[PDB]
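Shown below: structure.cif, with mmCIF, C-alpha atoms; chains and numbers go by the auth columns.
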data_model
#
loop_
_atom_site.group_PDB
_atom_site.id
_atom_site.type_symbol
_atom_site.label_atom_id
_atom_site.label_comp_id
_atom_site.label_asym_id
_atom_site.label_seq_id
_atom_site.Cartn_x
_atom_site.Cartn_y
_atom_site.Cartn_z
_atom_site.B_iso_or_equiv
_atom_site.auth_seq_id
_atom_site.auth_asym_id
ATOM 1 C CA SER A 1 101.146 111.841 88.275 0.00 1065 A
ATOM 2 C CA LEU A 2 99.683 112.086 84.771 0.00 1066 A
ATOM 3 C CA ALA A 3 102.178 114.730 83.646 0.00 1067 A
ATOM 4 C CA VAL A 4 105.233 112.748 84.755 0.00 1068 A
ATOM 5 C CA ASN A 5 106.177 111.856 81.179 0.00 1069 A
ATOM 6 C CA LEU A 6 105.563 115.389 79.918 0.00 1070 A
ATOM 7 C CA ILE A 7 107.791 117.384 82.271 0.00 1071 A
ATOM 8 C CA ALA A 8 110.199 116.884 85.174 0.00 1072 A
ATOM 9 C CA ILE A 9 107.983 116.088 88.163 0.00 1073 A
ATOM 10 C CA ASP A 10 109.845 116.191 91.478 0.00 1074 A
ATOM 11 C CA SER A 11 109.490 113.054 93.601 0.00 1075 A
ATOM 12 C CA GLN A 12 109.955 115.105 96.770 0.00 1076 A
ATOM 13 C CA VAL A 13 106.934 117.288 96.006 0.00 1077 A
ATOM 14 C CA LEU A 14 104.724 114.527 94.602 0.00 1078 A
ATOM 15 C CA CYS A 15 105.406 111.970 97.337 0.00 1079 A
ATOM 16 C CA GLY A 16 105.397 114.759 99.909 0.00 1080 A
ATOM 17 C CA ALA A 17 101.685 115.334 99.380 0.00 1081 A
ATOM 18 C CA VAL A 18 100.917 111.612 99.281 0.00 1082 A
ATOM 19 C CA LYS A 19 102.607 111.044 102.642 0.00 1083 A
ATOM 20 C CA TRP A 20 100.553 113.904 104.080 0.00 1084 A
ATOM 21 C CA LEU A 21 97.114 112.674 102.998 0.00 1085 A
ATOM 22 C CA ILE A 22 97.829 109.305 104.618 0.00 1086 A
ATOM 23 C CA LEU A 23 99.202 110.301 108.025 0.00 1087 A
ATOM 24 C CA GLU A 24 97.056 113.419 108.438 0.00 1088 A
ATOM 25 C CA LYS A 25 93.702 113.484 106.643 0.00 1089 A
ATOM 26 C CA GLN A 26 92.818 109.802 107.024 0.00 1090 A
ATOM 27 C CA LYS A 27 90.546 108.248 109.649 0.00 1091 A
ATOM 28 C CA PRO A 28 91.345 104.831 111.196 0.00 1092 A
ATOM 29 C CA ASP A 29 88.589 103.316 109.037 0.00 1093 A
ATOM 30 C CA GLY A 30 90.267 104.671 105.906 0.00 1094 A
ATOM 31 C CA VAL A 31 87.902 107.581 105.303 0.00 1095 A
ATOM 32 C CA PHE A 32 89.362 110.885 104.108 0.00 1096 A
ATOM 33 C CA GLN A 33 87.875 114.015 105.681 0.00 1097 A
ATOM 34 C CA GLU A 34 87.742 117.526 104.220 0.00 1098 A
ATOM 35 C CA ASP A 35 88.834 120.198 106.697 0.00 1099 A
ATOM 36 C CA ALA A 36 89.352 123.164 104.370 0.00 1100 A
ATOM 37 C CA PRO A 37 86.983 123.190 101.356 0.00 1101 A
ATOM 38 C CA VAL A 38 88.397 124.973 98.301 0.00 1102 A
ATOM 39 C CA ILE A 39 87.149 128.489 97.554 0.00 1103 A
ATOM 40 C CA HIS A 40 86.235 127.714 93.945 0.00 1104 A
ATOM 41 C CA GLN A 41 83.507 125.145 94.623 0.00 1105 A
ATOM 42 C CA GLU A 42 83.012 124.695 90.878 0.00 1106 A
ATOM 43 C CA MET A 43 86.320 122.968 90.130 0.00 1107 A
ATOM 44 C CA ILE A 44 85.564 119.956 92.337 0.00 1108 A
ATOM 45 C CA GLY A 45 82.805 118.801 89.994 0.00 1109 A
ATOM 46 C CA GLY A 46 80.329 116.230 91.268 0.00 1110 A
ATOM 47 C CA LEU A 47 81.778 116.584 94.760 0.00 1111 A
ATOM 48 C CA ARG A 48 79.803 119.800 95.246 0.00 1112 A
ATOM 49 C CA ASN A 49 76.715 117.705 95.968 0.00 1113 A
ATOM 50 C CA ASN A 50 76.493 117.276 99.743 0.00 1114 A
ATOM 51 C CA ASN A 51 74.900 113.854 99.238 0.00 1115 A
ATOM 52 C CA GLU A 52 77.275 111.111 100.393 0.00 1116 A
ATOM 53 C CA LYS A 53 80.465 113.170 100.656 0.00 1117 A
ATOM 54 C CA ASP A 54 82.023 110.456 102.817 0.00 1118 A
ATOM 55 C CA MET A 55 82.160 108.175 99.774 0.00 1119 A
ATOM 56 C CA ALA A 56 82.854 110.606 96.928 0.00 1120 A
ATOM 57 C CA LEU A 57 85.813 112.280 98.638 0.00 1121 A
ATOM 58 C CA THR A 58 87.319 108.993 99.819 0.00 1122 A
ATOM 59 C CA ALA A 59 86.962 107.605 96.295 0.00 1123 A
ATOM 60 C CA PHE A 60 88.538 110.713 94.770 0.00 1124 A
ATOM 61 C CA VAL A 61 91.598 110.752 97.028 0.00 1125 A
ATOM 62 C CA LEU A 62 91.964 106.988 96.612 0.00 1126 A
ATOM 63 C CA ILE A 63 92.282 107.247 92.828 0.00 1127 A
ATOM 64 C CA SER A 64 95.065 109.826 93.114 0.00 1128 A
ATOM 65 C CA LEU A 65 96.982 107.610 95.544 0.00 1129 A
ATOM 66 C CA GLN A 66 96.890 104.569 93.258 0.00 1130 A
ATOM 67 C CA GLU A 67 97.978 106.483 90.155 0.00 1131 A
ATOM 68 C CA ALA A 68 101.023 107.652 92.110 0.00 1132 A
ATOM 69 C CA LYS A 69 101.752 104.130 93.342 0.00 1133 A
ATOM 70 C CA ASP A 70 104.777 103.140 91.249 0.00 1134 A
ATOM 71 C CA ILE A 71 106.182 106.635 91.765 0.00 1135 A
ATOM 72 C CA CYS A 72 105.831 106.570 95.558 0.00 1136 A
ATOM 73 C CA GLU A 73 106.362 103.027 96.837 0.00 1137 A
ATOM 74 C CA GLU A 74 109.990 103.224 97.974 0.00 1138 A
ATOM 75 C CA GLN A 75 109.652 106.730 99.407 0.00 1139 A
ATOM 76 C CA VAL A 76 106.341 106.046 101.159 0.00 1140 A
ATOM 77 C CA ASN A 77 105.899 102.815 103.120 0.00 1141 A
ATOM 78 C CA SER A 78 102.509 103.736 104.587 0.00 1142 A
ATOM 79 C CA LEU A 79 100.960 103.625 101.112 0.00 1143 A
ATOM 80 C CA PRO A 80 100.140 99.892 100.838 0.00 1144 A
ATOM 81 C CA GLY A 81 98.426 99.914 104.233 0.00 1145 A
ATOM 82 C CA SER A 82 96.430 103.036 103.411 0.00 1146 A
ATOM 83 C CA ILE A 83 95.375 101.731 99.997 0.00 1147 A
ATOM 84 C CA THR A 84 93.775 98.642 101.539 0.00 1148 A
ATOM 85 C CA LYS A 85 92.027 100.578 104.313 0.00 1149 A
ATOM 86 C CA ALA A 86 90.395 103.050 101.924 0.00 1150 A
ATOM 87 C CA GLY A 87 89.230 100.102 99.834 0.00 1151 A
ATOM 88 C CA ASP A 88 87.677 98.369 102.834 0.00 1152 A
ATOM 89 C CA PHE A 89 85.355 101.261 103.683 0.00 1153 A
ATOM 90 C CA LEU A 90 84.189 101.808 100.102 0.00 1154 A
ATOM 91 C CA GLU A 91 83.626 98.080 99.578 0.00 1155 A
ATOM 92 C CA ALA A 92 81.410 97.753 102.655 0.00 1156 A
ATOM 93 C CA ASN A 93 79.334 100.833 101.823 0.00 1157 A
ATOM 94 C CA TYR A 94 79.131 100.286 98.067 0.00 1158 A
ATOM 95 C CA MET A 95 75.734 98.578 98.086 0.00 1159 A
ATOM 96 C CA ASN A 96 74.350 101.596 99.946 0.00 1160 A
ATOM 97 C CA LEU A 97 74.576 104.115 97.104 0.00 1161 A
ATOM 98 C CA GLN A 98 71.886 105.879 95.070 0.00 1162 A
ATOM 99 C CA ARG A 99 73.722 108.516 93.036 0.00 1163 A
ATOM 100 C CA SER A 100 75.084 107.143 89.761 0.00 1164 A
ATOM 101 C CA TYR A 101 78.005 109.533 90.222 0.00 1165 A
ATOM 102 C CA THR A 102 78.993 108.044 93.578 0.00 1166 A
ATOM 103 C CA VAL A 103 78.748 104.501 92.213 0.00 1167 A
ATOM 104 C CA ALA A 104 80.971 105.389 89.256 0.00 1168 A
ATOM 105 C CA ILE A 105 83.690 107.315 91.099 0.00 1169 A
ATOM 106 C CA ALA A 106 83.828 104.555 93.717 0.00 1170 A
ATOM 107 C CA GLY A 107 83.774 101.748 91.161 0.00 1171 A
ATOM 108 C CA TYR A 108 86.971 102.916 89.479 0.00 1172 A
ATOM 109 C CA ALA A 109 88.669 103.291 92.862 0.00 1173 A
ATOM 110 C CA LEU A 110 87.971 99.617 93.555 0.00 1174 A
ATOM 111 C CA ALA A 111 88.550 98.361 90.012 0.00 1175 A
ATOM 112 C CA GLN A 112 92.200 99.430 90.177 0.00 1176 A
ATOM 113 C CA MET A 113 92.723 96.994 93.049 0.00 1177 A
ATOM 114 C CA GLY A 114 90.531 94.353 91.429 0.00 1178 A
ATOM 115 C CA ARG A 115 88.138 94.496 94.366 0.00 1179 A
ATOM 116 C CA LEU A 116 85.005 95.082 92.291 0.00 1180 A
ATOM 117 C CA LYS A 117 83.407 91.641 92.042 0.00 1181 A
ATOM 118 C CA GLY A 118 80.230 89.863 93.120 0.00 1182 A
ATOM 119 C CA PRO A 119 77.180 92.038 93.925 0.00 1183 A
ATOM 120 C CA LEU A 120 79.346 95.169 93.765 0.00 1184 A
ATOM 121 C CA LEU A 121 80.237 94.418 90.144 0.00 1185 A
ATOM 122 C CA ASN A 122 76.582 93.844 89.262 0.00 1186 A
ATOM 123 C CA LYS A 123 75.411 97.097 90.851 0.00 1187 A
ATOM 124 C CA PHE A 124 77.910 99.244 88.946 0.00 1188 A
ATOM 125 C CA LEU A 125 76.752 97.761 85.637 0.00 1189 A
ATOM 126 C CA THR A 126 73.018 97.974 86.349 0.00 1190 A
ATOM 127 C CA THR A 127 73.412 101.581 87.503 0.00 1191 A
ATOM 128 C CA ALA A 128 74.000 102.758 83.933 0.00 1192 A
ATOM 129 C CA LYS A 129 70.830 103.960 82.210 0.00 1193 A
ATOM 130 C CA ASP A 130 70.331 102.465 78.744 0.00 1194 A
ATOM 131 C CA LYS A 131 73.706 100.850 79.445 0.00 1195 A
ATOM 132 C CA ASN A 132 75.738 103.724 77.999 0.00 1196 A
ATOM 133 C CA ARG A 133 75.700 106.498 80.605 0.00 1197 A
ATOM 134 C CA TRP A 134 75.850 107.079 84.361 0.00 1198 A
ATOM 135 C CA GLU A 135 73.555 110.086 84.748 0.00 1199 A
ATOM 136 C CA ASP A 136 71.782 111.773 87.658 0.00 1200 A
ATOM 137 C CA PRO A 137 68.882 114.284 87.736 0.00 1201 A
ATOM 138 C CA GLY A 138 70.868 117.527 87.634 0.00 1202 A
ATOM 139 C CA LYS A 139 73.669 119.196 85.690 0.00 1203 A
ATOM 140 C CA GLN A 140 75.098 117.475 82.612 0.00 1204 A
ATOM 141 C CA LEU A 141 78.736 118.197 83.466 0.00 1205 A
ATOM 142 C CA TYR A 142 78.471 115.920 86.501 0.00 1206 A
ATOM 143 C CA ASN A 143 77.047 113.167 84.300 0.00 1207 A
ATOM 144 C CA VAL A 144 79.867 113.456 81.767 0.00 1208 A
ATOM 145 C CA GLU A 145 82.362 113.187 84.622 0.00 1209 A
ATOM 146 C CA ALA A 146 80.550 110.218 86.161 0.00 1210 A
ATOM 147 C CA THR A 147 80.569 108.411 82.816 0.00 1211 A
ATOM 148 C CA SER A 148 84.292 109.121 82.488 0.00 1212 A
ATOM 149 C CA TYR A 149 85.121 107.407 85.782 0.00 1213 A
ATOM 150 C CA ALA A 150 82.814 104.556 84.778 0.00 1214 A
ATOM 151 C CA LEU A 151 84.666 104.112 81.486 0.00 1215 A
ATOM 152 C CA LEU A 152 88.049 103.927 83.216 0.00 1216 A
ATOM 153 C CA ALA A 153 86.602 101.315 85.572 0.00 1217 A
ATOM 154 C CA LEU A 154 85.475 99.098 82.694 0.00 1218 A
ATOM 155 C CA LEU A 155 88.891 99.499 81.072 0.00 1219 A
ATOM 156 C CA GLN A 156 90.587 98.489 84.324 0.00 1220 A
ATOM 157 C CA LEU A 157 88.432 95.368 84.618 0.00 1221 A
ATOM 158 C CA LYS A 158 88.954 94.648 80.916 0.00 1222 A
ATOM 159 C CA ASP A 159 85.277 94.553 79.939 0.00 1223 A
ATOM 160 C CA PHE A 160 85.527 95.537 76.271 0.00 1224 A
ATOM 161 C CA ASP A 161 82.020 94.166 75.709 0.00 1225 A
ATOM 162 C CA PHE A 162 80.369 97.026 77.594 0.00 1226 A
ATOM 163 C CA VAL A 163 82.786 99.756 76.495 0.00 1227 A
ATOM 164 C CA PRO A 164 81.724 100.500 72.884 0.00 1228 A
ATOM 165 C CA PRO A 165 78.196 101.641 73.853 0.00 1229 A
ATOM 166 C CA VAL A 166 79.600 103.885 76.594 0.00 1230 A
ATOM 167 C CA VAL A 167 82.273 105.558 74.461 0.00 1231 A
ATOM 168 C CA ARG A 168 79.764 106.186 71.668 0.00 1232 A
ATOM 169 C CA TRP A 169 77.566 108.131 74.087 0.00 1233 A
ATOM 170 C CA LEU A 170 80.509 110.344 75.044 0.00 1234 A
ATOM 171 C CA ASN A 171 81.509 111.291 71.496 0.00 1235 A
ATOM 172 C CA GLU A 172 77.908 112.090 70.554 0.00 1236 A
ATOM 173 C CA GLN A 173 77.741 114.591 73.414 0.00 1237 A
ATOM 174 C CA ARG A 174 80.386 116.588 71.546 0.00 1238 A
ATOM 175 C CA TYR A 175 81.841 118.084 74.726 0.00 1239 A
ATOM 176 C CA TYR A 176 85.175 119.732 73.929 0.00 1240 A
ATOM 177 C CA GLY A 177 85.892 120.746 77.519 0.00 1241 A
ATOM 178 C CA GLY A 178 86.317 124.308 78.734 0.00 1242 A
ATOM 179 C CA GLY A 179 83.692 126.431 80.454 0.00 1243 A
ATOM 180 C CA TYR A 180 83.050 127.724 83.966 0.00 1244 A
ATOM 181 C CA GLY A 181 83.563 124.899 86.452 0.00 1245 A
ATOM 182 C CA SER A 182 84.701 122.332 83.898 0.00 1246 A
ATOM 183 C CA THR A 183 87.937 121.298 85.606 0.00 1247 A
ATOM 184 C CA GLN A 184 86.834 117.752 86.433 0.00 1248 A
ATOM 185 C CA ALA A 185 84.535 117.401 83.426 0.00 1249 A
ATOM 186 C CA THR A 186 87.414 118.125 81.042 0.00 1250 A
ATOM 187 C CA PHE A 187 90.301 116.341 82.762 0.00 1251 A
ATOM 188 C CA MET A 188 88.333 113.109 83.172 0.00 1252 A
ATOM 189 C CA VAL A 189 86.528 113.028 79.821 0.00 1253 A
ATOM 190 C CA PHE A 190 89.858 113.187 77.981 0.00 1254 A
ATOM 191 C CA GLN A 191 91.638 110.850 80.395 0.00 1255 A
ATOM 192 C CA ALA A 192 89.082 108.140 79.646 0.00 1256 A
#
Whole structure given in C-alpha cells:
Amino acid sequence: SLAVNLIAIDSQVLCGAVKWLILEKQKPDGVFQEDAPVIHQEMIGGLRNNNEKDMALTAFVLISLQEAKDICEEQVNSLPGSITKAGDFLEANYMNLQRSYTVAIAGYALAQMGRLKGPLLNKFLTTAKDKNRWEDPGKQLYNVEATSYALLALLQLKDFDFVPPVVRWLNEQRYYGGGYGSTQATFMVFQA
C-alpha cells in the first residue's frame, strides 16, 4: 500500500489479501487471531513479546487495512464493517494496557479513525516518558518502533505541539536502520 506510487501494484493481489483477513482471520468481536506464526520471529518486532498479543496483533492488522482503504473500497464491501469492529475492541480495552508499545501501536490504529479522545487520548500522552519517547524495559529496537507508531498517531490527530520533542529524540538516536531483526524498526522509523 505504501509502494503503490513507486511501482505497479496489482489491485487483485492487494485487495485479495485484505478480503481474506476480514472473512477468515477475524473474530466476531473484531479481534484478529494468529494461526501460523512466521518462522523468522525477529521481523515482527515488538509483537514477539507474548504480553497482550490480542491487542498488538489486532492493532497491527488494523493499520494495514486502513492504509489500503482508498485502494480497496469498491472491490471490498466488508471493509467498512470490519474497520469499525476492530476499533470497538481496541477502544474498550485501551485503558487496560501497561506496555508503552501496546499503547502506541493501538493509539495510531484508533487515531486514523479519529476514535482516540477522552481518557484514551490522555493515557496515550501520559504514557510517554519525559514526553519524547514510548519506551519499555527491554530491547531498544522495540522502543524505536513504538515511538514511530506514536509519532504517526500525533500526526494523524494533528498535535504539532507534542511532535517536536518526539522527533528530536528519534534523530538523536541516530538509527539508520538495518541489522538482524530490524524489519519493523526500520520500516516504521522512516515512515514516521
Top pick for closest residue to residue 1166 (chain A), considering A:1112, A:1196, A:1142, A:1149 and counting only C-alpha atoms: A:1112
Hits of the PyMOL selection byres ((chain A and resi 1119) around 10) in this structure, as a PyMOL selection string: chain A and resi 1095-1096+1111+1115-1118+1120-1124+1150+1153-1154+1157-1158+1161+1166-1167+1169-1170
The PyMOL selection byres ((chain A and resi 1191) around 12) on the file shown: which residues, as a CSV table (one decimal) with C-alpha atoms, in the frame of the given file?
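Final file, selection30.csv:
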chain,number,residue,atom,x,y,z
A,1159,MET,CA,75.7,98.6,98.1
A,1161,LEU,CA,74.6,104.1,97.1
A,1162,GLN,CA,71.9,105.9,95.1
A,1163,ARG,CA,73.7,108.5,93.0
A,1164,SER,CA,75.1,107.1,89.8
A,1165,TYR,CA,78.0,109.5,90.2
A,1166,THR,CA,79.0,108.0,93.6
A,1167,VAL,CA,78.7,104.5,92.2
A,1168,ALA,CA,81.0,105.4,89.3
A,1171,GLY,CA,83.8,101.7,91.2
A,1184,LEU,CA,79.3,95.2,93.8
A,1185,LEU,CA,80.2,94.4,90.1
A,1186,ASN,CA,76.6,93.8,89.3
A,1187,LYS,CA,75.4,97.1,90.9
A,1188,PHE,CA,77.9,99.2,88.9
A,1189,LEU,CA,76.8,97.8,85.6
A,1190,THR,CA,73.0,98.0,86.3
A,1192,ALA,CA,74.0,102.8,83.9
A,1193,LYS,CA,70.8,104.0,82.2
A,1194,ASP,CA,70.3,102.5,78.7
A,1195,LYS,CA,73.7,100.8,79.4
A,1196,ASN,CA,75.7,103.7,78.0
A,1197,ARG,CA,75.7,106.5,80.6
A,1198,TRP,CA,75.8,107.1,84.4
A,1199,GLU,CA,73.6,110.1,84.7
A,1200,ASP,CA,71.8,111.8,87.7
A,1210,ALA,CA,80.6,110.2,86.2
A,1211,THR,CA,80.6,108.4,82.8
A,1214,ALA,CA,82.8,104.6,84.8
Picked residues, the PyMOL selection byres ((chain A and resi 1236-1243) around 12), as a ChimeraX atom specification: /A:1106-1107,1196-1197,1204-1205,1207-1209,1211,1229-1235,1244-1255
If you keep C-alpha atoms, can you produce a file of those selected residues as a compact mmCIF listing (two decimals), in the frame of the given file?
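Okay, this is what ended up in out26.txt:
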# COMPACT_ATOMS: atom_id res chain seq x y z
CA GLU A 1106 83.01 124.70 90.88
CA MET A 1107 86.32 122.97 90.13
CA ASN A 1196 75.74 103.72 78.00
CA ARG A 1197 75.70 106.50 80.60
CA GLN A 1204 75.10 117.48 82.61
CA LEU A 1205 78.74 118.20 83.47
CA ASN A 1207 77.05 113.17 84.30
CA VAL A 1208 79.87 113.46 81.77
CA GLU A 1209 82.36 113.19 84.62
CA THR A 1211 80.57 108.41 82.82
CA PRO A 1229 78.20 101.64 73.85
CA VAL A 1230 79.60 103.88 76.59
CA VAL A 1231 82.27 105.56 74.46
CA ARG A 1232 79.76 106.19 71.67
CA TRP A 1233 77.57 108.13 74.09
CA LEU A 1234 80.51 110.34 75.04
CA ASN A 1235 81.51 111.29 71.50
CA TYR A 1244 83.05 127.72 83.97
CA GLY A 1245 83.56 124.90 86.45
CA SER A 1246 84.70 122.33 83.90
CA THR A 1247 87.94 121.30 85.61
CA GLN A 1248 86.83 117.75 86.43
CA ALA A 1249 84.54 117.40 83.43
CA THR A 1250 87.41 118.12 81.04
CA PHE A 1251 90.30 116.34 82.76
CA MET A 1252 88.33 113.11 83.17
CA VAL A 1253 86.53 113.03 79.82
CA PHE A 1254 89.86 113.19 77.98
CA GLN A 1255 91.64 110.85 80.40
Straight-line distance linking CA of residue 1178 (chain A) with CA of residue 1085 (chain A), stated in Å to one decimal: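 Here the two named atoms are 22.6 Å from each other.
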Among listed residues A:1203, A:1179, A:1155, A:1160, nearest residue 1109 (chain A) (using only C-alpha atoms): A:1203
Selection as a list in words: residues within 8 Å of (94.6, 104.5, 104.6), counting all atoms listed in the file: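 In the file's frame, the residues around the point are residues 1086, 1090, 1091, 1092, 1093, 1094, 1095, 1142, 1143, 1145, 1146, 1147, 1148, 1149 and 1150 of chain A.
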Length of the CA of residue 1256 (chain A) to CA of residue 1219 (chain A) vector [Å]: 8.8 Å
Counting all atoms listed in the file, the residue of A:1084, A:1172, A:1206, A:1213 that sits nearest residue 1113 (chain A): A:1206
Counting all atoms listed in the file, which residues of region 1137-1230 of chain A fall within 12 Å of region 1075-1079 of chain A, and what is the closest atom pair for each with its distance in Å at one decimal, ordered by chain and rising number, as CSV?
residue,atom,partner,partner_atom,distance
A:1137,CA,A:1079,CA,9.0
A:1138,CA,A:1079,CA,9.9
A:1139,CA,A:1079,CA,7.1
A:1140,CA,A:1079,CA,7.1
A:1141,CA,A:1079,CA,10.8
A:1142,CA,A:1079,CA,11.3
A:1143,CA,A:1079,CA,10.2
Point-to-point distance in Å for CA of residue 1223 (chain A) and CA of residue 1067 (chain A): 26.6 Å
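Using all atoms listed in the file, the shortest contact distance between residue 1131 (chain A) and any of A:1227, A:1070, A:1173, A:1102 is found at A:1173.
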Could you add whatever atoms are missing so that region 1149-1169 of chain A carries N, CA and C atoms, then write the result as a short mmCIF file (atom, residue, chain, number, x, y, z; two decimals), in the frame of the given file?
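out09.cif was written with the following content:
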data_model
loop_
_atom_site.label_atom_id
_atom_site.label_comp_id
_atom_site.auth_asym_id
_atom_site.auth_seq_id
_atom_site.Cartn_x
_atom_site.Cartn_y
_atom_site.Cartn_z
N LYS A 1149 93.01 100.00 103.40
CA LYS A 1149 92.03 100.58 104.31
C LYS A 1149 90.93 101.34 103.58
N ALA A 1150 91.34 102.25 102.69
CA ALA A 1150 90.40 103.05 101.92
C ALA A 1150 89.48 102.17 101.08
N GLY A 1151 90.00 101.03 100.64
CA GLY A 1151 89.23 100.10 99.83
C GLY A 1151 88.23 99.32 100.66
N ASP A 1152 88.55 99.11 101.93
CA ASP A 1152 87.68 98.37 102.83
C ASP A 1152 86.38 99.13 103.10
N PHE A 1153 86.51 100.43 103.37
CA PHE A 1153 85.36 101.26 103.68
C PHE A 1153 84.41 101.39 102.49
N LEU A 1154 84.98 101.64 101.31
CA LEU A 1154 84.19 101.81 100.10
C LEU A 1154 83.50 100.51 99.70
N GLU A 1155 84.17 99.39 99.94
CA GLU A 1155 83.63 98.08 99.58
C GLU A 1155 82.42 97.72 100.44
N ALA A 1156 82.48 98.07 101.72
CA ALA A 1156 81.41 97.75 102.66
C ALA A 1156 80.18 98.63 102.43
N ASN A 1157 80.42 99.88 102.04
CA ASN A 1157 79.33 100.83 101.82
C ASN A 1157 79.11 101.13 100.35
N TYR A 1158 79.31 100.13 99.50
CA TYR A 1158 79.13 100.29 98.07
C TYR A 1158 77.71 99.93 97.65
N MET A 1159 77.10 99.00 98.37
CA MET A 1159 75.73 98.58 98.09
C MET A 1159 74.72 99.59 98.62
N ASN A 1160 75.21 100.57 99.37
CA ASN A 1160 74.35 101.60 99.95
C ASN A 1160 74.49 102.94 99.23
N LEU A 1161 74.44 102.91 97.90
CA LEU A 1161 74.58 104.12 97.10
C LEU A 1161 73.38 104.31 96.17
N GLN A 1162 73.00 105.56 95.95
CA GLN A 1162 71.89 105.88 95.07
C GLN A 1162 72.35 106.68 93.86
N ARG A 1163 73.19 107.68 94.10
CA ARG A 1163 73.72 108.52 93.04
C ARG A 1163 74.59 107.70 92.08
N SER A 1164 74.30 107.83 90.78
CA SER A 1164 75.08 107.14 89.76
C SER A 1164 76.52 107.67 89.74
N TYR A 1165 76.69 108.91 90.17
CA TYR A 1165 78.00 109.53 90.22
C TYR A 1165 78.87 108.88 91.29
N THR A 1166 78.28 108.66 92.47
CA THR A 1166 78.99 108.04 93.58
C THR A 1166 79.40 106.61 93.24
N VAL A 1167 78.49 105.89 92.59
CA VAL A 1167 78.75 104.50 92.21
C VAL A 1167 79.89 104.41 91.20
N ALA A 1168 79.95 105.38 90.30
CA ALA A 1168 80.97 105.39 89.26
C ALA A 1168 82.35 105.74 89.81
N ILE A 1169 82.42 106.85 90.55
CA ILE A 1169 83.69 107.32 91.10
C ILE A 1169 84.27 106.32 92.10
#
